[PDB]
Amino acid sequence: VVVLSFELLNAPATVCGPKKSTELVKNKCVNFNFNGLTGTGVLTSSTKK
Amino acid sequence: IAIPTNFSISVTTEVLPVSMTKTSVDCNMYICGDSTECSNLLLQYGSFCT
Ligand SMILES: *[C@@H]1O[C@H](CO)[C@@H](O)[C@H](O)[C@H]1NC(C)=O
């Protein structure tokens, strides 16, 4: 018996799933996915810290 | 009997509201946003938003 325990936080990812990354596209209503954070919107360069 | 011999003139200020601010809401971007997976599910709840 193998028991796996998962933890999903705001920390950087260590164990991650196999997916083929694409090129970043800005100023366009697209569907994104960053760390399991799928959504819909436009991407714009930021100035936040 | 009592009868006045002089008088004064006063100015009184009273206030009362007339109107408020006009507001509007959009259900499809408040309840869901840009998620099309729950737009179809909100469509199954009838015509509350109308
Ligand atoms: C009535 O009141 C005004 C204001 O105080 C004053 O100027 C005037 O002299 C008064 N009238 C009399 C008859 O005293």
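Residues numbered from 1 in each chain as written, not as in the entry; some residues may be left out. Chains lettered and ligands numbered in written order. Part of a larger assembly, values for the part shown. Heavy atoms only, no water.

Method of structure determination, per the deposited record: cryo-EM was used for this entry, reaching 3.0 Å resolution.

Draft legend 1. Local environment of the state of the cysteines. Residue and element names in this part refer to chain B. Following the criterion strictly, the structure yields 2 disulfides over all chains and no others. Across a sulfur-sulfur distance of 2.0 Å, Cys27 and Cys49 are joined as a disulfide pair. One quick way to see it: the torsion about the S-S bond of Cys27 and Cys49 is about -100 degrees, and its sign makes the bridge left-handed. Taken together, the residues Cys27 in helix 1 (residues 27–32) and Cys49 in the segment after helix 2 (39–42) connect sequence positions 22 residues apart. Of the residues examined, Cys49 reaches a relative accessible area of 45% and is grouped as partly exposed. (Disulfide = S-S within 2.5 Å. Helix = DSSP H or I, 4+ residues; strand = E, 2+ residues; numbered from the N terminus. Buried < 20%, exposed > 50% of the residue type's maximum accessible area, 1.4 Å probe, protein only.)

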